[PDB]
């Protein structure tokens, strides 16, 4: 009776463990970082494959930019075929895998609460198991913990593939966030500061372990992802060779990245299925890829040139006594609100213009502000002055405890929030900290 069913179940669990084990397929490039991450990469692939083979649903959340979309689509491309080979139902693909972008740089409560409500409905209504959750290009920080506390109330297992700094280290290779997730694939564990190995690179390698058969289809994705995130990693320069083999040079890759970020701005919370795959060149439909990229890119380029031409006259640029070129722009007063490009993207376009004119290695700091936020971008040259945005933000919060100062990101790129009524004081204090920097 129950003994028959239990003994058969126990054997099924064991055979699932065995079949889920990924092969050691190595990597597409040479990298000591990837080699050091191999055990966690193989564990991630094991967990994903096991969910697939047991008919458990998967939710894949990814950040909504080129690197994130590329990473998410890499994983989807490996997963879907496996789901289709083991499922009798042709609806299984659509039902047992969901990809959802996150516009925020962390797993927002609105996102996780939606994921929980949706998964609980499928559970109660159709008897589905609760899903494996895979978070990509997000998830590896302390800001993600609130979401994970909620998922753990449901016994949900969680895979993270990210390349942002977890920051709060509890040991040499363990961060605070790691206690709330089951496997965390992140270069920062094996080499602190190695942001340049991006989510799309990591995710493509994980995807190869999940399903070695999709290698040839996706091996160029890391070049697209690295272009999106502007990686200067030795791994990236190897990954580029796979794109070249398919006829994509470096300018092609840049156009593709710009197209993805533009289209994703407009489709918002939708996932771009039916479009993103064509842009990323993972279907055999070369003509549709060309029509999309050649149709869209000129439009994107023209918008950027138009907005730059109109906004640039309002950018104040001063060379400070220490040699720093400090640029400021009020993107509430002198930018089109709610339109492409967003303040973040606009600040990048302005910053790039100053880099093209004066050089990336010149010390350039671009501050783009609204009523209650500022986006900050620092050229590589700012490293010569030990510019660290996180340190400056902590300083500002301590000097102005009533101004609601918050944020940061990278030491060289990120954003600040503050109370609108204390903007003048916060930004003047920010400027004083920049003046005081020493070579």
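Numbering follows the first chain given and starts at 1.
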Higher mean Cα B-factor in the deposited model: 344 to 352 or 92 to 100? 92 to 100
Please work out which of 136 to 144 and 332 to 340 has the higher mean CA B-factor as recorded in the PDB entry. 332 to 340
Among 258, 115, 229, 245 - the residue whose C-alpha B-factor is largest in the record: 245
I'd like to know which of 240, 276, 199, 175 has the highest C-alpha temperature factor in the PDB entry. 175
For residue 322, the third of its chain by CA B-factor is the middle
What third of its chain's C-alpha B-factors does residue 189 belong to: lowest, middle or highest? highest
Using the temperature factors of the C-alpha atoms in this entry, rank residue 195 within its chain: lowest, middle or highest third. middle
Once the chain's modelled residues are ordered by C-alpha B factor and cut into thirds, is residue 401 in the lowest, middle or highest one? highest
Temperature factor at the Cα of residue 288, chain-ranked in thirds, falls in the middle
